[PDB]
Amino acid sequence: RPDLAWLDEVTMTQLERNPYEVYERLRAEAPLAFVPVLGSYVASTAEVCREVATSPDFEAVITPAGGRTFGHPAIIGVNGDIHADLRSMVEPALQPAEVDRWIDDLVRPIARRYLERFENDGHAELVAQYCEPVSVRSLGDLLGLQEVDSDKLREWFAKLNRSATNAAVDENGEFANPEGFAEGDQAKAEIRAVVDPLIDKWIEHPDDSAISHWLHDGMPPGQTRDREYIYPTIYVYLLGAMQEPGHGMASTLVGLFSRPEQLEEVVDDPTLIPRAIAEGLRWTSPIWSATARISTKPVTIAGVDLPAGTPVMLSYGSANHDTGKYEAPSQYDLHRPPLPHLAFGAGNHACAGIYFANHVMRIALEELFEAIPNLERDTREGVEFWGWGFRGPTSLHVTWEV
């Protein structure tokens, strides 16, 4: 497309370090645009992302690097009967009435345990010391991975992240960094070595762990889902479900720190924490551009006539800065009027764990502010955000008196 020739010079590193300038141009010039280094059409505005994610003429497809990382059948990448089965598999523990039965007793003691290690230090790096540990320890226990240390869960989601977002392609559409999948493969090998004996045990001795229920739920007597059938969705969990609540917590904190007067409001009135988190997710969406759909027939989107079989990456993080919806979206604003956002996606492949994730982030922030009410950010340190597929702050140094 001739007038978008500047897109030929957009690099993967540029999109990873800060995609917002390129995507501001995309939202104005071409809400649906083919980005050469990603090898795909990308949807950048709220209208186009929502349309593609809910269209009867699109279905789920995994991004190329995500498919290389997860294989088949990843819940995010399949449709029809297989997707219906995988959704029925994961949904029980995520049902709101079910989450409300045990979420407090799950997350609150975990939050306190990680806080107790540093709440009197006067300094902390909250991404590694708090946000990621609470996120992974909560989900890990729910899944049945109690004996997998939070360091290991965090390492796995970091390697899966880099593998599943290893999207750069060369002139011929081939992956430009083929060695970047190796640490994904390696993480998967480690995961198998840990999880295979757990599955062996759960097949014979089911328990209340989520993965045990994934094996057994809805199955004829004496049968379990084959482990090869559920492992790709285990990997989906061990990337985004492990990573995103921690990133959403951390981005919300960075946003609040940028508005000191709003941090103070929320600490004074913790009933504002859900609103603070909702704005945090819009402001820096944890899942920024990690999923996609594929057209199933010829379809016209944003004036582009797409053939059948055309993938479209859903850059929800860009859609959540759509100035057709938001005023000054690059600024964190607790007092933004509550509007729909796309940080959980849309359509039949929208996030299945919204209610759980919101509670994990809420409880974690409640306990943090109770333990450290005079929390401040360490302004001697910069906060850098990283990621195009998944985005969040790489560190969050804080300080407090005493």
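So that there is no doubt, residue numbering starts at 1 and follows the sequence shown.
The deposited model assigns a higher average Cα B-factor to 27-35 than to the other stretch when 63-71 and 27-35 are compared. In this entry, 331-339 shows the higher mean Cα temperature factor of the pair 350-358 and 331-339. The maximum CA B-factor among the listed residues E119, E228, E174, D196, taken from the PDB record, is found at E119.
For the set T300, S163, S285, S135, the PDB entry assigns the largest Cα B-factor to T300. The deposited CA B-factor of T271 belongs to the highest third of values across its chain. Annotation for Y20: C-alpha temperature factor in the highest third relative to the rest of the modelled chain, per the entry.
Annotation for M12: C-alpha temperature factor in the middle third relative to the rest of the modelled chain, per the entry.
Ranked against the other modelled residues of its chain, the C-alpha B-factor of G248 as given in the entry falls in the middle third. Ranked by Cα temperature factor within the chain, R293 sits in the lowest third according to the deposited record.
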